[PDB]
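Report on the structure given below.
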Amino acid sequence: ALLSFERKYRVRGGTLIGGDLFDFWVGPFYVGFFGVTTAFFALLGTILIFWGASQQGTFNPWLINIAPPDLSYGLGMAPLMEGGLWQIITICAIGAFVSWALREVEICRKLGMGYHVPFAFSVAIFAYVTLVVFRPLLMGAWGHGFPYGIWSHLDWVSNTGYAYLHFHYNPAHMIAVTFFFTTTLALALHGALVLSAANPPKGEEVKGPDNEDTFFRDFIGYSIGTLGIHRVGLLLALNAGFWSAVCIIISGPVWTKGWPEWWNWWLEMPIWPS
Amino acid sequence: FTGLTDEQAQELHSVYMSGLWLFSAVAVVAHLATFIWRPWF
Amino acid sequence: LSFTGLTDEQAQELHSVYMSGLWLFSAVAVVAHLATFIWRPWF
Amino acid sequence: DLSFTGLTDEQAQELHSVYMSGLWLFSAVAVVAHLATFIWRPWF
Amino acid sequence: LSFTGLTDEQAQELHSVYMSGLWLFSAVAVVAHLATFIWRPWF
Amino acid sequence: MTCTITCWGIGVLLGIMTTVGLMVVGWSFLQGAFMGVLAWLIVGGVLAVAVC
Amino acid sequence: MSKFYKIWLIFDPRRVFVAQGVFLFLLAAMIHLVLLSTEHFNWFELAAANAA
Amino acid sequence: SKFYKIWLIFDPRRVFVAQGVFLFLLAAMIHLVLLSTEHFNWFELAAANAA
Amino acid sequence: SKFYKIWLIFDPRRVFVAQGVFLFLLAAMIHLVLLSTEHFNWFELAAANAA
Amino acid sequence: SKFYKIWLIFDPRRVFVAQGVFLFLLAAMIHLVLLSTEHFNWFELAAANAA
Amino acid sequence: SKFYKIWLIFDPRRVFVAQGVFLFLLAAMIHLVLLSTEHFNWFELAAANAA
Amino acid sequence: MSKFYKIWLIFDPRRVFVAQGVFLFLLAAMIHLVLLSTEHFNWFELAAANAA
Amino acid sequence: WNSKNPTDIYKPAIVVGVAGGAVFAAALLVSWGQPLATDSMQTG
Amino acid sequence: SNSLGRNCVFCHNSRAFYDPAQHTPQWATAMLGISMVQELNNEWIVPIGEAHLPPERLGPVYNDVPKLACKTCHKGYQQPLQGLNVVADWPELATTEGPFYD
Amino acid sequence: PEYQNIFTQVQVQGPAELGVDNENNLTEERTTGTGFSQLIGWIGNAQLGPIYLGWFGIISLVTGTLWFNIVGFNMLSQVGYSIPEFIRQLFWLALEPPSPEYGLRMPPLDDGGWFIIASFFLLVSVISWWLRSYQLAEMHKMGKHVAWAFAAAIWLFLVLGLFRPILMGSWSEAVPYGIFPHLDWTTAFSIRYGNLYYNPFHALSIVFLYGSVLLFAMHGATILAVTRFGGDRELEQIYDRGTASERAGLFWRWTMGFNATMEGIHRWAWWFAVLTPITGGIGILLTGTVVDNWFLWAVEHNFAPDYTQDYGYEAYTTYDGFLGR
Amino acid sequence: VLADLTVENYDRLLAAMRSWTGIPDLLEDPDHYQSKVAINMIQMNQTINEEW
Ligand code: BCL
Ligand code: BCL
Ligand SMILES: CC[C@H]1c2cc3[nH]c4c(c3C)C(=O)[C@H](C(=O)OC)c4c3nc(cc4[nH]c(cc(n2)[C@@H]1C)c(C(C)=O)c4C)[C@@H](C)[C@@H]3CCC(=O)OC/C=C(\C)CCC[C@H](C)CCC[C@H](C)CCCC(C)C
Ligand SMILES: CC[C@H]1c2cc3[nH]c4c(c3C)C(=O)[C@H](C(=O)OC)c4c3nc(cc4[nH]c(cc(n2)[C@@H]1C)c(C(C)=O)c4C)[C@@H](C)[C@@H]3CCC(=O)OC/C=C(\C)CCC[C@H](C)CCC[C@H](C)CCCC(C)C
Ligand SMILES: COC1=C(OC)C(=O)C(C/C=C(/C)CC/C=C(\C)CC/C=C(/C)CC/C=C(\C)CC/C=C(/C)CC/C=C(\C)CC/C=C(\C)CC/C=C(\C)CC/C=C(\C)CCC=C(C)C)=C(C)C1=O
Ligand SMILES: COC(C)(C)C(=O)/C=C/C(C)=C/C=C/C(C)=C/C=C/C(C)=C/C=C/C=C(C)/C=C/C=C(\C)CC/C=C(\C)CCC=C(C)C
Ligand SMILES: COC(C)(C)C(=O)/C=C/C(C)=C/C=C/C(C)=C/C=C/C(C)=C/C=C/C=C(C)/C=C/C=C(\C)CC/C=C(\C)CCC=C(C)C
Ligand SMILES: COC(C)(C)C(=O)/C=C/C(C)=C/C=C/C(C)=C/C=C/C(C)=C/C=C/C=C(C)/C=C/C=C(\C)CC/C=C(\C)CCC=C(C)C
Ligand SMILES: COC(C)(C)C(=O)/C=C/C(C)=C/C=C/C(C)=C/C=C/C(C)=C/C=C/C=C(C)/C=C/C=C(\C)CC/C=C(\C)CCC=C(C)C
Ligand SMILES: COC(C)(C)C(=O)/C=C/C(C)=C/C=C/C(C)=C/C=C/C(C)=C/C=C\C=C(C)\C=C\C=C(/C)CC/C=C(\C)CCC=C(C)C
Ligand SMILES: CCCCCCCCCCCCO[C@@H]1O[C@H](CO)[C@@H](O[C@H]2O[C@H](CO)[C@@H](O)[C@H](O)[C@H]2O)[C@H](O)[C@H]1O
Ligand SMILES: [Fe+3]
């Protein structure tokens, strides 16, 4: 159905490659040319996952595991039951994600709003892209991508993390994590600020931007403002996604050795009186 | 102030051509001199 | 005509000083380059 | 005439004169120092 | 002429005592280096 | 901006120069980079404050 | 040759000059460094071989 | 001969700053790559020449 | 002989703060590098002298 | 001979600070280069000359 | 033929810049591809024939 | 069919010409690179074989 | 004769420049091929 | 890992560092190495070090004999000398008695 | 291209804004000195506001510095007061928790005794800061959402160093005060107790931690997308919604089939952020105390994947082949 | 430990051990601690090859 104000905004136009052919809504969702490709790619990828689960022998969501081929197969296509299905689902996943981002461009173009959201999603796509197609090419084997399982891809992170000898000392992982913690810290404080101002104790007037602006001025001595928090917060999250891409793209094809041994430059400098 | 005009076009190209010929004249001498020192053909 | 708000009457004067500095910079550069030929040739 | 800093030619006459004097004084100390270290340990 | 709101009357005075401080700072540095050179020479 | 951006550009050029300057006399790329990054923060901030 | 001044009506003289100014230096520097990369046209090592 | 018209389209203060930084970086880079080579290294030559 | 008018363009309080920081940092840096070498490390020379 | 007109293009305060820190950084860099080499490093030379 | 009508639809002032950069990348790209192959390293070929 | 001229009543000539112009180029780029990718259809590598 | 119409001269040049750059980069990665090449040993 | 020039997943699965069913065959070899290093240090290296090694070869803190470990024989490689057959030419060092040149 | 509202293209500065104030009379404990910074103004407010010098804040600052100093001087005493070595090993030195053979009993100063003293002062500073947040919201007549959101972070903070060690039977279970050492503790904690990947509450906390970053990229971009409609003024859009709230809602209604309000977005934003340490605090609290091996817990609960391939490199390649010989 | 070795093998082993350990005069003087350790090291080396 439609919201109480949705009727006016539902106007034709604002499409990239599609026209009025795909310019319609299915329920609340907006279908476009890229919503057509999203539906095809997502359904094909989802079905192939369950087809692989059927051949794997288990339908348990925890135990479903579609894995990339062996490293011996290199960059070529593998047999479907030997890793080839993972490659196709990856191709479907890339198409589904890119089309979803391109559909969001059509959503915001129709609404006259900015393209910040599809750009922000593209950073998260780049983090997935660098994990499944960029890192394997730099290594010359599709088998370095994470398997498509709820817990199997946790084993890949564990094994890849220890494949570089205490991944915690990875400088880009160190930068990426502190962006993840800061974004959650910023999300908690920002969400608290608006809710606290809008929801005072019973019998008290609602607080405007000035009251919430001065709260952190009295709390931490500086308030970034109503507008500032959203742009700094977007950059905090995008940096978290970007530096996550860096920490895994520099793991294998850049620093094959252990990550603590990377810090040998700091420990071994001419300035230090050995 | 945006845009050019025909009157300034003849002089701008002429001085640009003079610079290009001067740059090329040094370049051919540099290329010729390097050939005796060490030919690449 | 002028495109940076600088008149053509003194535009020639600006280039006259600039070229004199450029030649002076190249004069010592050539002398320095001449000296390093004698010290250690590379041709 | 032309002036991007709002400084007249007469002022630039004094400003460059002291700067040139500072240029020579800084160079003269460097020249003496360069000759002194060359005697100690020549490099060419 | 002026960029910091000072005139020749007091800017000359300011440099007069600044050089006095510079000479005093250098004078105690000269004897300090002379004492160190006698103790542990570096030439 | 303008002056501040240019002053930052001078620092990153100086940081790159110090990165390769220390590599020539030894050190390593990572050791030189830290000095280059440190130089960019110091002289870049000083120039952006004093010059501008 | 001299009749091709009509093209200049399209370009902003400042934009094209700075674009071509950095282009020539980058191209010249790139050509110089690939000459340094090869073992035959690297004039620095040629002097070393000549001077033994 | 008409090279003086270059200042009609370039800001003298903008180009001079760019010219100043470019020349020093070019001079430093040429000096630096010279030190990288063993043959054209006056610091290493003096040590070898002395002993 | 006419260097007194440097302050006509330089603010005293703006350059005195920078100069004071620079002089101490330079003095500490020279002291630190002097302690790096074993020949001028007066703390180790005192230990070796009394040994 | 007419180089005095550069100050009509460059702001004195902005350019004096720029070359004021350029000289010190250049002087420190050149000095630090001499530390890196072995022939012109006066600290090891003093130690070597002291047997 | 009758190819002169291509400018009745395409903008001549907009295509030269697109064309001009397009031929630049081809010349730059093909020149580097030749250097990758040992049979067309004219820099390295000048050494083999002069050896 | 001789009545194919009506495609221009549906497609904008300016928009389709730039559409194929890029498309025709990626054709040339993609297929040529696929040839270079294969060892058999790499004329650059083949010339080396005939040289020896 | 001169035509005076509003155009965006650099709009298509940058479009083909990045598109050419992708073709440019691919040619380098095919001719030379994987500068800092690495190999992995599957242990599981 | 540093002594072997390899990583953690060279010997066992990261998700189960304890499970013998999730161990590379190289893990079993490392068990023999741990026993061998303990045997070599406690009975071969230390007893002969405390008897003849001069003080200049002793430790800086405890003045103890140097001990061998994984990197002493591997030197940062998966196998010593990258699996170069070194004892085939030297039957004398292969057995304690009767070199068995054959 | 269209102006993306990432950096303000022009910023104005007027008289410094002190505060709103009420009969709670916050002015006496509020600083009278403020500063302005244009560098930070390109992305946020350019005014460095005045601290409110409350007693909870002062106690937290004083005792927090005491914990910081105590850890610092023990670190300085680690390398024997060698500053160059202290700077070099700054990321490696720490104040290690007491040895496990002491239990809850007070250990000697060199073996974790100073850790307990530093931990006690850190506990006071952290709690006092929370009381400052609660009091500041109370004095401003605002909601206590900041205090409750902070209290969630205290939960994992208390579980990591106070709650779990008390009911684990030893103070050795606390986290060392070091840059790399608490990373070593983080890895060793997962290794000792199986694999925290297979801890469901660790997985749940990861779900909300990714969701927290996901939402605040969604919320940050969506507000910046509707900032052309005054979407940055969220509070006024809550009381009287304009086209900014409607377009932001319809963007996500047309994308993922459902949306939020300008106020309901922060309830979603608040809870995933708050749930991240709450779920993590539960998982750590019952790690070792209840479950001593998480992978084995996964095996018996049938959510640990099974692999049918061989585990040796010899099964996929050979040593000579890997080396290329 | 080396008496039973043949003359050709003993010379072959002694020359290798001196080159393998970097001691040119290994086992020249039995009183030297080099010889004392080397004899035990020979027994250790045989132990590793057969017992491990
Ligand atoms: C032993 C393991 C090592 C370790 C090894 C690794 C490895 C290995 C990796 C990380 C990576 C990451 N690590 Mg680590 N890391 C360790 C310890 C930690 C700790 C901690 C407290 O201890 C933390 C916080 C982190 C944090 C992180 C983040 C920096 C990052 C997570 C991925 C991410 O950013 O998103 C990136 C992923 C995406 C954004 C996914 C994109 C999603 C797509 C676009 C949309 C999905 C749609 C999908 C179809 C769902 C739709 C279905 C329904 C319809 C909705 N690591 C341990 C020590 N870490 C991972 C990384 O960086 O990845 C880039 C990585 O590969
Ligand atoms: C090999 C490493 C282990 C690992 C071991 C652990 C351990 C151990 C823990 C986590 C926990 C976390 N892990 Mg894990 N984790 C691993 C792999 C990962 C990966 C990944 C991609 O691989 C990710 C994304 C995560 C993600 C996470 C987060 C979900 C969670 C912590 C949330 C948090 O910030 O709480 C917020 C709370 C805090 C960080 C402390 C609050 C700080 C206090 C309130 C502030 C005091 C300030 C202080 C005084 C300093 C003030 C100074 C100021 C400058 C003035 N882990 C692997 C399995 N993980 C935590 C958990 O379990 O949660 C259930 C935890 O304890
Ligand atoms: C990338 C930067 C950060 C970020 C941002 C971000 N994500 C976003 C957006 C933004 C700004 C959106 O606008 C978009 C959205 O609409 O969200 C509701 C989205 C989105 N990111 C999502 C999830 C997500 N984000 C994550 C993280 C992050 N979000 C980053 C920290 C994570 C992590 C790391 O845990 C996940 C899982 C979705 C909710 C949504 C993307 C929706 C989408 O792509 O829909 C089309 C596709 C389908 C409906 C199904 C496709 C199925 C495939 C064809 C087959 C399976 C492929 C897959 C790889 C298998 C996985 C197997 C196992 C590993 C589980
Ligand atoms: C909902 C979960 C998220 C969260 C939320 C959260 N954190 C919060 C809050 C909230 C809602 C606050 O209100 C509170 C705050 O005020 O934030 C600005 C806070 C906070 N969480 C913080 C950190 C933090 N949050 C983290 C994470 C998280 N907290 C989660 C992601 C992390 C992690 C896990 O990495 C950290 C490290 C702080 C910024 C702050 C708590 C600070 C506080 O109020 O008291 C702590 C102690 C002090 C202020 C005293 C410190 C001592 C000195 C200031 C340092 C030394 C100074 C100097 C060197 C002295 C030198 C002296 C000598 C020269 C003598
Ligand atoms: C202040 O401002 C703001 C708001 O408030 C104005 C907001 O609200 C939000 C939004 C944020 C919120 C918190 C609101 C509430 C939302 C959430 C809690 C979710 C976000 C948080 C997460 C942790 C992510 C969780 C993920 C979820 C809930 C899943 C959503 C994503 C999906 C990909 C699933 C939905 C997509 C589907 C089903 C497919 C899309 C459909 C199409 C493309 C249609 C295609 C159709 C055809 C081609 C025709 C064929 C038709 C068929 C087959 C018929 C079938 C019909 C169907 C309907 C399937 C933000 C950021 C904001 O800042
Ligand atoms: C890998 O690369 C390897 C192989 C290493 C390599 O070698 C690469 C080298 C390559 C590519 C060479 C590239 C070098 C080039 C291109 C040379 C440019 C250099 C030039 C052009 C010299 C300018 C000199 C300018 C001065 C110095 C002017 C003097 C100015 C004076 C002092 C003051 C002027 C001031 C005024 C006029 C204003 C006052 C007047 C008025 C106000 C009226
Ligand atoms: C790898 O590299 C290796 C090989 C290591 C390397 O070494 C590379 C070396 C390279 C590249 C050399 C680069 C150096 C160059 C190019 C030298 C420039 C240096 C110059 C030019 C010296 C300026 C001196 C300025 C002074 C000192 C002025 C003194 C000013 C005085 C104080 C006067 C001030 C007075 C007033 C203002 C009053 C007037 C005011 C009014 C009237 C108002
Ligand atoms: C890395 O390389 C190695 C080899 C290690 C290295 O060491 C490199 C060394 C290098 C590069 C040396 C760099 C040092 C240089 C360049 C030396 C600058 C130092 C100078 C110049 C010293 C000024 C001292 C002046 C004072 C301190 C005056 C005191 C002033 C007094 C306090 C009076 C102030 C009061 C007034 C003025 C009142 C006026 C007021 C009214 C009139 C109202
Ligand atoms: C190994 O393989 C490699 C080699 C890698 C390879 O295969 C790639 C090779 C590749 C890609 C070669 C492609 C080369 C090309 C395309 C050649 C570019 C070169 C060009 C185009 C020459 C421009 C010359 C411009 C000047 C020099 C003008 C002089 C300007 C003067 C000095 C200015 C005078 C002043 C004015 C005009 C004032 C104007 C103002 C008013 C009138 C007010
Ligand atoms: C110039 O500087 C000088 C001056 C030198 C200086 O100082 C510099 C200081 C320097 C460098 C120190 C820098 C500190 C660093 C890097 C440490 C990072 C710290 C980290 C990562 C913290 C992780 C663990 C945190 C938890 C998780 C705590 C748990 C706390 C618990 C909750 C406390 C519970 C309470 C008790 C156990 C007490 C019980 C007893 C009673 C109640 C009586
Ligand atoms: C952050 C962004 C990261 C961007 C990532 C870009 C990844 C680029 C991958 C480059 C590797 C592919 O380029 C590689 O080129 C080599 C060099 O001849 C070619 O061939 C090479 O790989 C193939 C595998 O297919 C081998 O069988 C072959 O023996 C080897 O020579 C292939 O064409 C391709 O494998
Ligand atoms: Fe918000």
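Just so you know, these numbers use all the heavy atoms, side chains as well, and skip hydrogens, waters and symmetry mates. Note that ligands are numbered from 1 as they come in the structure, with each ligand's atoms numbered from 1 the same way. Residue numbering restarts at 1 for every chain, and letters A, B, ... go by the order of the sequence lines.
Heavy atoms of B/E11 found under 4.0 angstrom from ligand 9 belong exclusively to the side chain. Using a 4.0 Å cut-off between heavy atoms, B/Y16 contacts ligand 9 through both its backbone and its side chain. Residue contacts with ligand 9 for G/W8 are absent, since no atom lies close enough (heavy atoms, distance under 4.0 Å).
The option with the heavy atom closest to atom 29 (C) of ligand 9, from among K/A28, C/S2, B/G19, B/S24, is B/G19. Taking each of O/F121, O/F120, O/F73, O/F180 in turn, the one with a heavy atom nearest to atom 38 (C) of ligand 10 proves to be O/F120. The residue among K/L32, K/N41, G/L27, K/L35 with a heavy atom at the shortest distance from atom 12 (C) of ligand 9 is G/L27.
In terms of N/O distances under 3.5 Å, ligand 10 is not approached by O/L76. At a 3.5 angstrom cut-off on N or O pairs, G/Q20 does not count as close to ligand 9.
Ligand 11 is approached by A/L138 to a heavy-atom distance shorter than 4.0 Å. By the 4.0 Å heavy-atom criterion, O/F91 is excluded from the residues contacting ligand 10.
Outside the 6.0 Å centre-distance limit, the rings of A/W266 and O/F91 are not counted as a close aromatic pair.
The nearest protein atom to atom 5 (C) of ligand 9, hydrogens excluded, is given as G/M30 SD, 3.5 Å; this is a heavy-atom distance. Atom 34 (C) of ligand 11 has as its closest protein heavy atom A/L75 CD1, 4.8 Å. Shortest contact from atom 17 (C) of ligand 11 to any protein heavy atom: M/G33 CA, 3.6 Å.
Atoms of ligand 11 lying under 4.0 Å from at least one heavy atom of M/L29, given by number and element, are 8 (C), 13 (O), 14 (C), 15 (O).
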